Amino acid sequence: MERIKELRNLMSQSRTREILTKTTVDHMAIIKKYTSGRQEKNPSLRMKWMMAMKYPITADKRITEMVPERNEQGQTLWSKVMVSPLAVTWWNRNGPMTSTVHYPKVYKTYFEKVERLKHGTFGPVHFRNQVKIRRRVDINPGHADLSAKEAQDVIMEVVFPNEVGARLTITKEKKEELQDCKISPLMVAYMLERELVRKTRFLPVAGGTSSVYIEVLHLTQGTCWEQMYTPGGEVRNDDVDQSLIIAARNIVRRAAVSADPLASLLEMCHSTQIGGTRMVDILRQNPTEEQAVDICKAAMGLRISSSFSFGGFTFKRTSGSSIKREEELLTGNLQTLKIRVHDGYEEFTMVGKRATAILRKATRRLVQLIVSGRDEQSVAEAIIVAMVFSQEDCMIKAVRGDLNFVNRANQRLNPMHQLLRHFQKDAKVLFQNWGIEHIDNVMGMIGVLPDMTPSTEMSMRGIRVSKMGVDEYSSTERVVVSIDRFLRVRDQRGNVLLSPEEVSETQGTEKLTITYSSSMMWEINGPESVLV
Amino acid sequence: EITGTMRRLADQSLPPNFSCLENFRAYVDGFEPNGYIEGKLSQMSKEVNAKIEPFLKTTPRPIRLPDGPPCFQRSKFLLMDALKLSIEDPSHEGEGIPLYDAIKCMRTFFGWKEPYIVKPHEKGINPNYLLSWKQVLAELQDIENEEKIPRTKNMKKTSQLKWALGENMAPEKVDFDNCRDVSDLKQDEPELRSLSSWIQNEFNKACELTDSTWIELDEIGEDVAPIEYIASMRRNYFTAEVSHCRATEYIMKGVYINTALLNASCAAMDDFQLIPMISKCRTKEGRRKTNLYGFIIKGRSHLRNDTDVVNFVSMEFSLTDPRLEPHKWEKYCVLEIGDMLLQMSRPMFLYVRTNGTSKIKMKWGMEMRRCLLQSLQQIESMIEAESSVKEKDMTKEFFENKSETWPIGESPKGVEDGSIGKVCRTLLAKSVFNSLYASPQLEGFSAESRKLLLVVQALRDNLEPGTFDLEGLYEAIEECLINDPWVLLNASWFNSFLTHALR
Amino acid sequence: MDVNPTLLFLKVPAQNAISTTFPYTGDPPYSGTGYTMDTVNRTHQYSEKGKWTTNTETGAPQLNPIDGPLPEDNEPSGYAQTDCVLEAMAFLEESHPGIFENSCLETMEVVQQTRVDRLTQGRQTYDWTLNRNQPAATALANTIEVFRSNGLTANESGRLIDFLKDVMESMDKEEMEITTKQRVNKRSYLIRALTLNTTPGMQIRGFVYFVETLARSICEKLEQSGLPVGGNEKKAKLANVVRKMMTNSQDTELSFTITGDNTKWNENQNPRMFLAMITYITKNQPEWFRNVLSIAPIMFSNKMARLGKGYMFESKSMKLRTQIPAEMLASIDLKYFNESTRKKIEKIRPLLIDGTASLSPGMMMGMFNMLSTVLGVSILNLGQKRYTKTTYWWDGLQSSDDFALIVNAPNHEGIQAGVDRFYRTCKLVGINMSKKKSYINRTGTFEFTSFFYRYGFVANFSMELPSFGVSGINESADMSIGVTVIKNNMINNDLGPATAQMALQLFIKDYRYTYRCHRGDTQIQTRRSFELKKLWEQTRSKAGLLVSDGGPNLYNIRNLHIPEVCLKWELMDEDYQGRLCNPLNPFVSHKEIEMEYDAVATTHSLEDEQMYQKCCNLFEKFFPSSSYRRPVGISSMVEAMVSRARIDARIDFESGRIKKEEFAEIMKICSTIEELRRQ
Amino acid sequence: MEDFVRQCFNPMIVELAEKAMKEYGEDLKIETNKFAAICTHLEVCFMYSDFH
């Protein structure tokens, strides 16, 4: 009755009843942030002065019948309800031993860290001039990929069920295992929100991608050193998006062959189910950026990143504009090609599978390029796609043979993709025809020769292969897409953003159980699934 | 919307070419980059330029130094001249009442001469100081009449003590309505003081090793990782080379003094409380020792704000004759107070000064152990930045290798490089002196001289550097050099560096 | 021999041991009311070109030095041409396609979604209700209540834009009455709304936040802008940009790097120039957007500077002192002052009105840092060897005042031409470059906002080492917080591992001293050590004990992220775990939580400022979920709480156990309050 | 707001509202609330006409 009595004697004063009558529940969050703000009176000094004082602790009245007034030496720990800090140690010494050792089910996310440290075999410290690789990684172990809203909607259901909103397996599991062994509803809610909510942020790392490597980043990486560390046992969500990637790739590959690829893609997306949750909801609420995933998101009207995809590499515009100025060109083997000649000056940053680069390109002329990858063939592929996009007449004249490349649906590819798929297999003509120049090997920059051999004073015309990686700047942009009936996405300005013709760079294992139930997909899961 | 009294301010905010801001916004909407930049450049005078003046080893001229009266010492307490009074007593600490430890310091000394005062303040009532000291001794011996020991001695509101704390009623708070006119109703830049020889000796003594340990550095868990091994090998060698240093005694002394004074400025908000200058350490034989450097009498401590100042009187023991360097003790009054058993039996003096401190001044000095961490980082940077070019980092060659010597001194007109421990203690004492001799002149000098140092380094790397207005940089440097002995000593140091840098 | 620390620079290069030059760890003792007059007179010094216009609504004379006479002397001048700034904006937008429109859309989303909460999250502000500096939330509540006492009640919809509409309509009312009650007229109210302290007013904060959000959305998409990022990110933006310059092919390149800084940079930025560049950024945008974003520059164009407390005079003979406020500077004779005070007062007498001076061409420090960085990135973008149309070309990184430039030219003769062009174009846009605090060298060694580059990196930017001392909130919370701060400073503000070890050491010492809990292993005894030693004697596995309960320390670098309870959990005794982790203890309650970690038995503790807090606490007492998630519901507080009370009474009377007459009285009180809310 | 509407509605109502906003040159980047209201009206009409 104390609360309704407080409402009664509070609704009496006019200025305290006007606030309670006018302000609605929706705005309560904005009415709690009205504070006096007298707090920062050197809180360290205040805490020291309060600990020097006798009986600074505040407790309830139930201590009188639970702990004694005098300890075993006659020391007082009461007042009249203040408490001496010695009483806390007394309660920890011989107090109510209880069976709540059940604790490690709400605090599972910390015992996970403890276990990763238990079997965290170590390694040597190979000191080097560490260069920060700007990645975007998640920092949460085992969270089942749930956003803040859909996770708090589960928290409210499992801890405050009598006041849930007006709206799932975890909702049963957690409600079951901590059913009656609740500790503190706010504490349990905060801990489950730390355990279940995803969070991806933009961090500089030097080799750590998974959640296990970022949680211990202060150990592995430092100022100018690196520590080889392996915790042992990965987490749930670094391979949850992988199955969605594989599903989107297969869906796009199967839609491109169909009569109407767009409607096929839409139906397959709305009918496919990934780990119990329908695909389109994940697409609407998932921050994973992949080519086929962007095709799927664009097919239903959701925003994607301005970045356009060429040769499996995603490009980002840094500076400079361009004009279309269509143009005809004859190849090195007497073949007429109508082409969209990128005119003007442009700066790009291209992110790839295992190699990235910074490009500065003028009208049909490559000015500068800085590439860094992991495999030799990978940096070769990066350099090939970059030379193809460079639009120089050097590689146009280096075209050897007639260009007839068709899609899996027997479709004439664009001349850009024609040149790309031509040079992608055998490119040794373009290297020996491009040109060599001298470099200085400054700031850790080496050159490459036509035989794919590093060199200190010789490189290709305008090229540099960087040591210690290229800085990968992944800026977030969201603009509306213009999907068409053939699964090609274009910007509002009229620039072809992405297309299916470059999606397949690998098969797919589907680390989580995947289900397609539309019509056209019942042939990937063997002929045995067709009948069922 | 933008209605009147607001649109009226909008129309008065535009450049002097429009009347309504709508015309301005329509003009901005349709804009033509026709090359106005080049026209405005062709119109501008050619005197506006950043003319690079080259920087060769002939252009650096040594920093000018002020000339005038010798610089005095304004440190809150005596650094090298203070004298310890040991009790080697394990009462084991902290809740231990510091008043009775100080009186049992006094119980261990005999030979209290009648106070015959030597060096006066040259401006002010000198006998009040020795009267206040006699009052201290009297109030100390007058506890056996109280029948209950007080844990804190509240000094009487005596005339000498009211004067030494400046509490004698000052100009009274009035309003300008009744003091509209008086014949003398006036309302001051400092004087230029030159560098003296004692600050260098103070620093030299601050780098020396002592008999005790002065640190209780707590434990850290097991080391089961290579970087943990490296961090431990750095921190423990640093702790071993730094613990017994005199600068560590300075850190702990300042911490204890400021802690006691700030703690008394809360409960003794109304009366003059006697605050002992007590430190604690551990002798070489592993026995805890309690030292007493002197006493401090606090004034009224109604410290509502953080900048509010409380006046105090510091009476510190010493064995240095002020008659040796009288220019050093400008703000000090000296009382030859006894002779002590040493058997030379040298005279024991009491340096008494009136000063004032604030809450922020006290707290910057309770956290003086930061001077340790700073030193470590400025060491650790050199272990990493200077050794980043290596596969298996150079960490055990930085220590453990006495062949590597670093320039730290110049006695015989020549560079005298020392070992690693001298470097560690030098950086520690430098940080400590920066903490207690902290002055905005030091901050400005660091800020302005860092640029000159970086350009000197760029010339030494043969990177053909150049400045714009070197005279402006020198003016900025000379502007923050007036009277601080620490700043002037740093300036002489930078002059020596420029002299021994092929310039 | 004499000891000299700086001589160590003879063997070690400067950038390897530059942290020795930084003398202070934190903030030293600093030290006005006259210092304001100096800055006011200096600001009007770089702008004295007869552009005086007397204000109509404030009556204060105003200097309008924009697009005025060109500078003839190398001294700093605040005369910036408008068309130059607009052309810089246009060329920036040409180099980066449509960045302004994306930033403007993001800012429109911000201004649509922003509540009034973002207005309380700030430091000291200036309350005109009490004419004094007050905390953000208290000044906000003062302004809210003084508006609600008058006919201004639009902020109760929750939108910050509605509060801005209230601010707009307030200046249209003839008189504003302040209850504590006395009246204020419109003129003095305008003076108080457009006056700053040594600290912005309460009205301007919303517009300045919106302008800053726009500048933030602009700076996020610029490689040359280094303000929004911090720490290791900045590192990249150095090592990247240098590689855009030094790694040129066919070495016909001469790349020189200048470390720069703009002296008196703050006092030359004219808010009318900010208005112009915003108007160009908000090009072809909806009219209401421009009308909202352009308010802050207009308020800064017509703004007053508060002088402060005043001066104090001492009689050497009569021994009496008297203070004089700033308002009395008008009706006073000039005999009582020394020569410097008179020289400062003479040049400011016709400017001051109602105890505040007039400052039209001014701009205060830390107001438009990001928009100023946009202005600087403009001139940095003007050197892409396409807008210079010459052989020299430059690029760099810009901050508020500290900027780092790298300029390449084909020969040693052309570098100075490029530097002079850059400096003159800076003078054209109001950026006076400091010839004193700046230097040039060859590319590979420079400074940028305390980040030093010498073929490598050092991050002495925010190396104000963390508070080694206890945070002073709780037993376990303080330890978790200290070790988490140490772990954060080992990745964000790079410090060495040994420094971190010693920092944890000092923190654990201060934590054992603060809570009188050293360990049960040492002979030292506080008030608490008897109980701790009894614990240590009865405990078998000593390592399992927490440091808060007199246990040993096993925290190191590898386990700075693990809470203390979970780390020692395996090593604890069953008895000790049951006696520690027991949730049914009389010590804790769910209050003031939170990046904090586990909690255990050692987890203990206008009219009236708490007008709001009482209501909020009662509402939380009715709905516990409101302590975790922002509540959703259209009903008023009273009706929702009454319905909750009635339902809870019914359920704990019907199925639960409660007195019948108590239930009757509870529902009688509920109906009484339901009838009370009818008036 | 603009992104949220694309979640709580199917792509067909989004496409119809986008076509309908192209009637009077209504740019959806500014009139986000109009876009939301039109999507709401369309979904209400659809759930109103179904199943009868």
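The numbering scheme counts residues from 1 along every chain following its written sequence, independent of the entry's numbering, with residues that lack coordinates not shown. Chains and ligands are labelled by the order in which they are written, letters from A for the one and numbers from 1 for the other. Each value listed describes the chains present in this view, a part of a larger assembly. Excluding hydrogens and water, the side-chain values take into account all heavy atoms of the structure.

### Considering the overall build of chain A
At step 1: Each helix corresponds to a stretch of at least 4 residues labelled H or I by DSSP, and each strand to a stretch of at least 2 residues labelled E; elements are numbered beginning at the N terminus. If you tally the helices and strands in chain A, you get 20 helices and 24 strands.
At step 2: The quantity called the radius of gyration is restricted to C-alpha atoms. Its globule counterpart is 2.2 Å times the number of residues to the power 0.38. For a compact globule of 532 residues, the expected C-alpha radius of gyration is about 24 Å, and chain A comes in at 31 Å, more than 25% above that figure.
At step 3: Seen through its principal axes, chain A has C-alpha atoms that stretch 105 × 55 × 55 Å.
At step 4: Across the 532 residues of chain A, 51% fall into the buried class.
At step 5: The Shrake-Rupley method, run with a 1.4 Å probe, gives the accessible areas here. Residue values count only the displayed protein chains as cover. Summing over all exposed atoms, chain A offers an accessible surface of approximately 26000 Å²; the carbon and sulfur share of this is 51%.
At step 6: Of the side-chain charges in chain A, 75 are positive and 63 negative, and the distance between the mean point of each set is 6 Å. Partly exposed describes any residue whose relative accessible area lies between the buried limit of under 20% and the exposed limit of over 50%, with all areas from a 1.4 Å probe on protein chains only and scaled to the type maximum. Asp and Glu are treated as the negative residues and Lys and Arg as the positive ones, with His and the ends of the chain left uncounted. Charge positions come from single atoms, namely NZ of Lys, CZ of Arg, CG of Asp or CD of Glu.

### Notes on the interface of chain C and chain B
At step 1: Should any heavy atoms of two residues lie within 4.5 Å, those residues are counted as being in contact. In this assembly, 149 residues from chain C lie in contact with 142 residues from chain B.
At step 2: In this description, buried area is defined as the sum, over both parts, of the accessible area (probe of 1.4 Å) that is lost when the two are combined. Both sides together, the interface formed by chain C and chain B hides about 13900 Å², and carbon and sulfur atoms give 61% of it.
At step 3: Salt bridges are identified by distance alone: a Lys or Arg side-chain nitrogen within 4 Å of an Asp or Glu carboxyl oxygen. The interface formed by chain C and chain B holds 12 salt bridges in total.
At step 4: Polar contacts here mean pairs of N or O atoms no more than 3.5 Å apart (in protein, one a potential hydrogen donor and the other a potential acceptor; neighbouring residues in sequence count only if both atoms are side-chain atoms). In this assembly, chain C and chain B are joined by 59 residue pairs in polar contact.
At step 5: Classification convention: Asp, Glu, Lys, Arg as charged; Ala, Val, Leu, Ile, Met, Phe, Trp, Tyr, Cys, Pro as nonpolar; all other residues, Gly among them, as polar. Considered class by class, the residues forming the side of chain C that touches chain B number 71 nonpolar, 44 polar and 34 charged.
At step 6: The sheet contact formed by strand β4 (residues 172-174) of chain B and strand β11 (residues 320-324) of chain C spans three bridges and is parallel. The rule for pairing is simple: two strands pair if DSSP sees at least two bridges between them.

### Details of the nonpolar core
One recurring pattern in soluble globular proteins: nonpolar side chains tend to sit buried together.
At step 1: Grouped together as the largest cluster of nonpolar side chains are 166 residues, with contacts concentrated most on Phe 203, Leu 428, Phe 433, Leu 452, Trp 486 and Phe 497 of chain B.
At step 2: Setting aside its immediate chain neighbours within four residues, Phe 433 of chain B contacts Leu 79, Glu 202, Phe 203, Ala 206, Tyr 250, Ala 438 and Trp 486 of chain B. Remark: nonpolar core denotes a set of buried residues (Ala, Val, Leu, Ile, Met, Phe, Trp, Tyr, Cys) joined through side-chain atoms within 4.5 Å.

### Some points on a positive patch on the surface
Residues and elements named next belong to chain B.
At step 1: Together, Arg 74, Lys 76, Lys 331 and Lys 361 make up a positively charged patch on the protein surface.
At step 2: As for its placement among the helices and strands, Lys 361 is situated in helix α10 (residues 359-363).
At step 3: The partly exposed category is assigned to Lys 361, whose relative accessible area is 35%. Nonpolar side chains (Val, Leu, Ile, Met, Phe, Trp, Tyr) are joined into patches within 5 Å and like charges within 9 Å, using only residues with over 30% relative accessible area and no salt bridge.

### Some points on the sheet that holds strand β9 (residues 347-358) of chain B
Residues and elements named next belong to chain B.
At step 1: Pairing is antiparallel in the open sheet, where seven strands are placed in the order β2-β8-β9-β7-β6-β5-β3. On the outer flanks of this sheet lie β2 (112-117) and β3 (154-155), each paired with one strand and no other.
At step 2: Bridge count between strand β6 (residues 288-298) and strand β7 (residues 309-318): five bridges; the pairing is antiparallel. The partner of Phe 295 across the bridge, within β7, is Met 315.
At step 3: Throughout, an axis means a line fitted to C-alpha atoms (over the contacting stretch in the case of helices), and angles, computed between N-to-C directions, take values from 0 to 180 degrees. Its contacts with the sheet place helix α9 (residues 246-267) against β5 (272-282), β6, β7 and β9, and it is angled at close to 150° to β5.

### Considerations on helix α2 (residues 21-29) of chain B
At step 1: Along α2 of chain B, the residues classified as buried are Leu 21, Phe 24, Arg 25 and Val 28 of chain B. Along α2 of chain B, the residues classed as buried sweep out an arc of 95° about the axis, all on the same side.
At step 2: Summarising the contacts, the buried residues of α2 of chain B are in contact with α1 (7-11) of chain B together with α2 (82-95), α9 (271-281) and α10 (287-293) of chain C. Directions drawn from the helix axis to the C-beta atoms are what define this arc.

### Section: the side chain of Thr 356 of chain C
At step 1: Here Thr 356 of chain C lies in strand β12 (residues 356-358).
At step 2: Setting aside chain neighbours within four positions, we find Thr 356 of chain C in contact with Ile 191, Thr 195, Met 304, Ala 305, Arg 306 and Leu 351 of chain C.

### Points about the arrangement of the chains
At step 1: In this assembly, five pairs of chains are in contact, and the pair with the greatest number of contacts comprises chains B and C.
At step 2: Separating chain B from chain D is a minimum C-alpha gap of 18 Å, and the two share no contact.

### Regarding the interface of chain D and chain C
At step 1: Every contact between the two is made by five residues of chain D and, on the other side, seven residues of chain C.
At step 2: Where chain D abuts chain C, roughly 430 Å² becomes buried across the two surfaces, and 51% of that area is made up of carbon and sulfur atoms.
At step 3: On inspection of chain D and its partner chain C, the count reaches zero salt bridges.
At step 4: One can count zero residue pairs in polar contact joining chain D with chain C.
At step 5: When its residues are assigned to classes, the side of chain D that touches chain C shows two nonpolar, two polar and one charged.

### Thoughts on a nonpolar patch on the surface
At step 1: A cluster of nonpolar residues, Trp 522, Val 530, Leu 531 and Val 532 of chain A, forms a patch on the protein surface that exposes about 470 Å² of accessible area.
At step 2: Following the sequence through the fold, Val 530 of chain A ends up in helix α20 (residues 528-531).

### Side note on the packing of α2 of chain B against α9 of chain C
At step 1: Here α2 of chain B crosses α9 of chain C at 55°, and the two axes come no closer than 9 Å. Accordingly, the angle class assigned to the pair α2 of chain B and α9 of chain C is oblique. In this structure, α2 of chain B meets α9 of chain C at a crossing whose hand is right-handed. Facing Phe 24, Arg 25 and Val 28 of chain B of α2 of chain B, the residues of α9 of chain C in contact are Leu 275, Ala 276, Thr 279 and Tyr 280 of chain C.
At step 2: Along the lines of polarity and charge, the residues of the contact of α2 of chain B with α9 of chain C split into five nonpolar, one polar and one charged. These descriptions rest on fixed angle ranges, namely under 35 degrees for roughly parallel, over 145 for roughly antiparallel, 65 to 115 for roughly perpendicular, and the rest for oblique. A clockwise turn of the near helix away from the far one marks a right-handed crossing, whereas an anticlockwise turn of less than a right angle marks a left-handed crossing.

### Observations concerning the environment of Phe 507 of chain C
Residue and element names in this part refer to chain C.
At step 1: Take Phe 507: it is sitting in helix α16 (residues 497-514).
At step 2: Separated by 25 residues in the primary sequence, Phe 507 and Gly 482 have C-alpha atoms spaced 7.0 Å apart.
At step 3: The contact partners of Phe 507, leaving out residues within four places of it in the chain, are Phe 468, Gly 469, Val 470, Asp 478, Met 479, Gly 482 and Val 483.

### Focus on the pattern of salt bridges
All names here are of chain B.
At step 1: Overall, the coordinates contain 89 salt bridges over all chains when judged by the stated rule.
At step 2: When the shortest N-O distance is used, the salt bridge between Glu 202 and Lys 328 registers 3.2 Å. Residue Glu 202 is located in helix α7 (residues 198-206), and its partner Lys 328 is located in the loop between β7 and β8 (333-339); the two are separated by 126 residues in the primary sequence.
At step 3: The buried category is assigned to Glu 202, whose relative accessible area is 1%.

### Examining the side chain of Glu 253 of chain C
At step 1: Checked against the element boundaries, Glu 253 of chain C lands in the loop between α8 (232-245) and β8 (254-259).
At step 2: One buried charged side chain, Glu 253 of chain C, makes no salt bridge at all; its nearest oppositely charged neighbour is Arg 442 of chain C, positioned 4.8 Å away.
At step 3: Excluding residues within four positions of it along the chain, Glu 253 of chain C makes contact with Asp 440 of chain A together with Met 246, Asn 248, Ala 409 and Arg 442 of chain C.

### Quick notes on the packing of helix α7 (residues 204-219) of chain C against helix α13 (residues 369-381) of chain C
All names here are of chain C.
At step 1: The interhelical angle for the contact between α7 and α13, taken along N-to-C directions, is 40°, at an axis separation of 8 Å. Taken as axis vectors, α7 and α13 run oblique relative to one another. Judged by the twist between their axes, the crossing of α7 over α13 is left-handed. Mapping the contact onto sequence places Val 211, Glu 212, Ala 215, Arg 216, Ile 218 and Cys 219 in α7 and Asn 369, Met 370, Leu 371, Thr 373 and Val 374 in α13.
At step 2: Looking at the contact of α7 with α13 residue by residue, the class counts come to seven nonpolar, two polar and two charged.

### Considering the packing of aromatic side chains
Describing an aromatic ring pair means giving the distance of the ring centres and the angle of the ring planes.
At step 1: Two rings from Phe, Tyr or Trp (for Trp, the six-membered ring) form a pair when their centres are within 6.5 Å of each other. A pair whose planes differ by under 30 degrees is stacked, one over 60 is edge-to-face, and the rest are tilted. Counted by the stated rule, this structure contains 62 aromatic pairs over all chains.
At step 2: Ring geometry for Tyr 437 of chain B against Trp 486 of chain B: centres 6.5 Å apart, planes inclined by 20°, an arrangement best described as stacked. Remark: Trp 486 of chain B occurs in helix α15 (residues 485-499) and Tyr 437 of chain B occurs in the loop between α12 (420-436) and α13 (440-460); sequence separation between them is 49 residues. As far as burial versus exposure is concerned, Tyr 437 of chain B and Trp 486 of chain B are alike and both buried.
At step 3: Aromatic pair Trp 128 of chain C and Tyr 189 of chain C: ring centres 5.3 Å apart, planes at 80°, arrangement edge-to-face. There is no split in this pair, since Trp 128 of chain C and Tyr 189 of chain C are both buried.
At step 4: Among the aromatic residues, those joined into a ring-pair cluster are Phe 203, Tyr 250, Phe 433, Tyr 437, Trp 486 and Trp 493 of chain B.
At step 5: Note on criteria: charge over ring means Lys NZ or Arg CZ within 6 Å of the ring centre, with the direction from the centre no more than 35 degrees off the ring normal. Here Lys 157 of chain B stacks its cationic end above the ring of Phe 272 of chain B, 5.3 Å away from the centre of that ring.
At step 6: Between the NZ or CZ atom of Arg 353 of chain B and the centre of the ring of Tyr 332 of chain B, over which it lies, the distance is 5.5 Å.

The values reported here are purely geometric and, on their own, carry no functional implication.
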